[PDB]
Structures are given as structure tokens and as C-alpha cells.
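S.K.: One structure, pasted below without further comment.
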Amino acid sequence: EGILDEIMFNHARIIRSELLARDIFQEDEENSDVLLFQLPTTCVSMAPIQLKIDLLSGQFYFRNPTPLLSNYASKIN
Amino acid sequence: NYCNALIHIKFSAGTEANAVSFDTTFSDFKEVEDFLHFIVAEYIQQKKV
């Protein structure tokens, strides 16, 4: 079980590091397993959204996804 | 869906009983606050004219 958990975490970290290398998601200092995506909620607002990786099946998910956000998360999956 | 919040706003200006000035839906509280501020500003302007 520990070996499987280590492999899971390593694969997730490798994918996250590739995404950071592509410089699409900024780095989250508070959480090493949370990716920050910059999106403007309004004309002047410019806010980050937290995307997380499922440790079991590995599909990206949002913290409070809107219907469009959920649809595009499914598209990402 | 027992978890998401949907806010339906119906603002009827003082013109007719059935002439609904605006009828919108919102899923983001930030947009709710923005539209509330806009409605308050519009009402203030109407009171100023």
C-alpha cells in the first residue's frame, strides 16, 4: 500500500511539474499538490482558481466548479 | 443539486405591474454583489432625476 501511494504521488508530482514547466499554472506556495489557474472573474478582477488532482483515479477537479467549470474540467479529464 | 447556490433576481421598475425591468440568474456571489451595486446605483440615479 505504501509503495502504491508513493507511485501515485510521484506520478501526480511528475504531471504537475510538467504543467509548471509549460508555465500554464502558477505555483501554489501553501499547497504543493494544488495548481493555481489565473482567470478574470470580472473586467478588472484577476483571481486564481485552485485545481486539485484526485489521488485515486487522477482527474483534475475544481474546489467550487460552476456548470461551465465542471464541463471544462470534464473536457480536461 | 443540493450543493450549488442559484440566485434568481427579478427587479420590477415602477412603470407597470407586469413590465419586469430585469429578470436574471446568477451562480457566482461576486456577480450577485456587482449587479446589486449596479441596481443600487441605477436606483440612486433614478432618484436623482
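Simple scheme: letters A, B, ... for chains in C-alpha cells order, numbers from 1 for residues in each chain, numbers from 1 for ligands in the order shown.
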Hey, what's within 12 Å of residue 31 (chain A) if we count only C-alpha atoms and toss same-chain stuff fewer than 5 positions away? As an MDAnalysis selection string, please?
M.R.: chainID A and resid 26 36 50:53
S.K.: What residues in chain A get the DSSP label alpha helix (DSSP H)? Please answer as an mmCIF file with N, CA and C atoms, in the first residue's frame.
M.R.:
```cif
data_model
loop_
_atom_site.group_PDB
_atom_site.id
_atom_site.type_symbol
_atom_site.label_atom_id
_atom_site.label_comp_id
_atom_site.auth_asym_id
_atom_site.auth_seq_id
_atom_site.Cartn_x
_atom_site.Cartn_y
_atom_site.Cartn_z
ATOM 1 N N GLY A 2 1.927 1.265 0.799
ATOM 2 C CA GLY A 2 2.826 2.408 0.804
ATOM 3 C C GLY A 2 3.515 2.614 -0.532
ATOM 4 N N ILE A 3 3.936 1.520 -1.171
ATOM 5 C CA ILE A 3 4.565 1.619 -2.486
ATOM 6 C C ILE A 3 3.583 2.177 -3.506
ATOM 7 N N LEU A 4 2.336 1.699 -3.474
ATOM 8 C CA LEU A 4 1.326 2.206 -4.398
ATOM 9 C C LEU A 4 1.057 3.685 -4.164
ATOM 10 N N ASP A 5 0.977 4.101 -2.895
ATOM 11 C CA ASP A 5 0.768 5.513 -2.592
ATOM 12 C C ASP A 5 1.939 6.360 -3.071
ATOM 13 N N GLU A 6 3.167 5.866 -2.884
ATOM 14 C CA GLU A 6 4.340 6.596 -3.350
ATOM 15 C C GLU A 6 4.335 6.734 -4.866
ATOM 16 N N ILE A 7 3.983 5.661 -5.578
ATOM 17 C CA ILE A 7 3.913 5.723 -7.037
ATOM 18 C C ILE A 7 2.840 6.709 -7.476
ATOM 19 N N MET A 8 1.684 6.684 -6.809
ATOM 20 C CA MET A 8 0.608 7.617 -7.127
ATOM 21 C C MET A 8 1.073 9.059 -6.968
ATOM 22 N N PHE A 9 1.679 9.362 -5.815
ATOM 23 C CA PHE A 9 2.133 10.720 -5.543
ATOM 24 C C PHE A 9 3.226 11.140 -6.518
ATOM 25 N N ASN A 10 4.131 10.222 -6.862
ATOM 26 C CA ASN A 10 5.202 10.551 -7.795
ATOM 27 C C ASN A 10 4.661 10.839 -9.189
ATOM 28 N N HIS A 11 3.690 10.047 -9.654
ATOM 29 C CA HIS A 11 3.091 10.314 -10.956
ATOM 30 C C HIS A 11 2.368 11.656 -10.961
ATOM 31 N N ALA A 12 1.619 11.948 -9.891
ATOM 32 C CA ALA A 12 0.933 13.232 -9.806
ATOM 33 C C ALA A 12 1.931 14.384 -9.794
ATOM 34 N N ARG A 13 3.031 14.230 -9.054
ATOM 35 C CA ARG A 13 4.049 15.271 -8.998
ATOM 36 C C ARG A 13 4.728 15.462 -10.347
ATOM 37 N N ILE A 14 4.977 14.370 -11.075
ATOM 38 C CA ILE A 14 5.582 14.483 -12.399
ATOM 39 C C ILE A 14 4.658 15.243 -13.345
ATOM 40 N N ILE A 15 3.364 14.911 -13.332
ATOM 41 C CA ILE A 15 2.419 15.620 -14.191
ATOM 42 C C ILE A 15 2.352 17.097 -13.807
ATOM 43 N N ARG A 16 2.302 17.379 -12.502
ATOM 44 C CA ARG A 16 2.238 18.763 -12.042
ATOM 45 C C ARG A 16 3.489 19.536 -12.437
ATOM 46 N N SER A 17 4.661 18.905 -12.320
ATOM 47 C CA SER A 17 5.906 19.551 -12.717
ATOM 48 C C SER A 17 5.946 19.818 -14.213
ATOM 49 N N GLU A 18 5.422 18.893 -15.025
ATOM 50 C CA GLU A 18 5.328 19.156 -16.458
ATOM 51 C C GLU A 18 4.430 20.355 -16.736
ATOM 52 N N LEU A 19 3.293 20.437 -16.041
ATOM 53 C CA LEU A 19 2.396 21.577 -16.230
ATOM 54 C C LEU A 19 3.068 22.884 -15.824
ATOM 55 N N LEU A 20 3.810 22.875 -14.715
ATOM 56 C CA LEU A 20 4.533 24.077 -14.300
ATOM 57 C C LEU A 20 5.615 24.447 -15.305
ATOM 58 N N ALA A 21 6.301 23.447 -15.864
ATOM 59 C CA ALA A 21 7.315 23.714 -16.876
ATOM 60 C C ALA A 21 6.699 24.355 -18.109
ATOM 61 N N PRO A 67 -21.180 25.217 -13.505
ATOM 62 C CA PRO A 67 -21.530 24.279 -14.589
ATOM 63 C C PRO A 67 -20.591 24.344 -15.784
ATOM 64 N N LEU A 68 -20.221 25.549 -16.228
ATOM 65 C CA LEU A 68 -19.213 25.661 -17.275
ATOM 66 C C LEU A 68 -17.859 25.158 -16.786
ATOM 67 N N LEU A 69 -17.504 25.482 -15.540
ATOM 68 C CA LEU A 69 -16.249 24.998 -14.976
ATOM 69 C C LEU A 69 -16.242 23.477 -14.883
ATOM 70 N N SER A 70 -17.359 22.882 -14.455
ATOM 71 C CA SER A 70 -17.441 21.426 -14.395
ATOM 72 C C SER A 70 -17.355 20.807 -15.787
ATOM 73 N N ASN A 71 -18.028 21.416 -16.768
ATOM 74 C CA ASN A 71 -17.970 20.913 -18.136
ATOM 75 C C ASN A 71 -16.541 20.930 -18.663
ATOM 76 N N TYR A 72 -15.822 22.029 -18.436
ATOM 77 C CA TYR A 72 -14.456 22.099 -18.938
ATOM 78 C C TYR A 72 -13.489 21.258 -18.118
ATOM 79 N N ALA A 73 -13.780 21.011 -16.840
ATOM 80 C CA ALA A 73 -12.994 20.038 -16.088
ATOM 81 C C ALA A 73 -13.166 18.640 -16.669
ATOM 82 N N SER A 74 -14.401 18.278 -17.021
ATOM 83 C CA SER A 74 -14.638 17.000 -17.683
ATOM 84 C C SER A 74 -13.922 16.942 -19.027
ATOM 85 N N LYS A 75 -13.917 18.057 -19.763
ATOM 86 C CA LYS A 75 -13.180 18.115 -21.021
ATOM 87 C C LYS A 75 -11.684 17.926 -20.794
ATOM 88 N N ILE A 76 -11.157 18.499 -19.710
ATOM 89 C CA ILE A 76 -9.753 18.309 -19.357
ATOM 90 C C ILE A 76 -9.479 16.845 -19.039
#
```
S.K.: Counting only C-alpha atoms, which residues of chain B come no farther than 12 Å from chain A, as a PyMOL selection string?
M.R.: chain B and resi 1+3-6+26-35
S.K.: Using N, CA, C and O atoms, can you write the selected residues to a file as a compact mmCIF listing (two decimals), in the first residue's frame?
M.R.:
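New file again_26.txt:
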```txt
# COMPACT_ATOMS: atom_id res chain seq x y z
N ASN B 1 -29.09 20.97 -7.10
CA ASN B 1 -28.31 19.75 -6.94
C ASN B 1 -27.87 19.54 -5.50
O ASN B 1 -26.91 18.80 -5.25
N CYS B 3 -26.17 21.17 -3.53
CA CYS B 3 -24.94 21.80 -3.07
C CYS B 3 -24.71 23.18 -3.67
O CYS B 3 -24.20 24.07 -2.98
N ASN B 4 -25.06 23.38 -4.94
CA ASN B 4 -24.80 24.65 -5.60
C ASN B 4 -25.90 25.66 -5.28
O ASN B 4 -27.06 25.30 -5.06
N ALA B 5 -25.52 26.93 -5.25
CA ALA B 5 -26.44 28.02 -4.96
C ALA B 5 -26.81 28.73 -6.26
O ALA B 5 -25.92 29.17 -7.00
N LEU B 6 -28.10 28.82 -6.54
CA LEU B 6 -28.61 29.56 -7.68
C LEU B 6 -29.50 30.69 -7.18
O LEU B 6 -30.45 30.44 -6.42
N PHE B 26 -28.05 33.92 -11.45
CA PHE B 26 -26.66 34.03 -11.06
C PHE B 26 -26.22 32.80 -10.29
O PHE B 26 -26.98 32.25 -9.49
N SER B 27 -24.99 32.36 -10.56
CA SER B 27 -24.36 31.28 -9.82
C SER B 27 -23.11 31.71 -9.07
O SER B 27 -22.59 30.92 -8.27
N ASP B 28 -22.62 32.93 -9.30
CA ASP B 28 -21.45 33.46 -8.60
C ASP B 28 -21.87 34.62 -7.72
O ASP B 28 -22.48 35.58 -8.20
N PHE B 29 -21.55 34.52 -6.43
CA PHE B 29 -21.92 35.58 -5.49
C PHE B 29 -21.24 36.90 -5.82
O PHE B 29 -21.78 37.97 -5.51
N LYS B 30 -20.06 36.85 -6.43
CA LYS B 30 -19.38 38.08 -6.83
C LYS B 30 -20.19 38.84 -7.86
O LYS B 30 -20.37 40.06 -7.75
N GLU B 31 -20.70 38.14 -8.88
CA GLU B 31 -21.57 38.79 -9.85
C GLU B 31 -22.87 39.24 -9.21
O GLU B 31 -23.45 40.26 -9.62
N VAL B 32 -23.35 38.52 -8.19
CA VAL B 32 -24.54 38.95 -7.46
C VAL B 32 -24.29 40.31 -6.81
O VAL B 32 -25.11 41.23 -6.91
N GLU B 33 -23.14 40.45 -6.14
CA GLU B 33 -22.81 41.71 -5.49
C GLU B 33 -22.62 42.82 -6.52
O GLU B 33 -23.04 43.96 -6.30
N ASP B 34 -21.98 42.50 -7.65
CA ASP B 34 -21.77 43.51 -8.69
C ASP B 34 -23.10 44.01 -9.24
O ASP B 34 -23.31 45.22 -9.40
N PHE B 35 -24.03 43.09 -9.53
CA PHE B 35 -25.32 43.50 -10.06
C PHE B 35 -26.15 44.23 -9.00
O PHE B 35 -26.90 45.14 -9.34
```
S.K.: How would you write, as a PyMOL selection string, the set of residues in chain A that DSSP gives as strand (DSSP E or B)?
M.R.: chain A and resi 26-27+34-39+47-53+60-62
S.K.: Mind checking which residues fall within 8 Å of residue 24 (chain B), counting only C-alpha atoms, ignoring those fewer than 6 positions away in the same chain, and posting them as a ChimeraX atom specification?
M.R.: /B:8-10
S.K.: For CA of residue 49 (chain A) and CA of residue 35 (chain A), determine how far apart the two atoms are, in Å to one decimal place.
M.R.: 8.0 Å
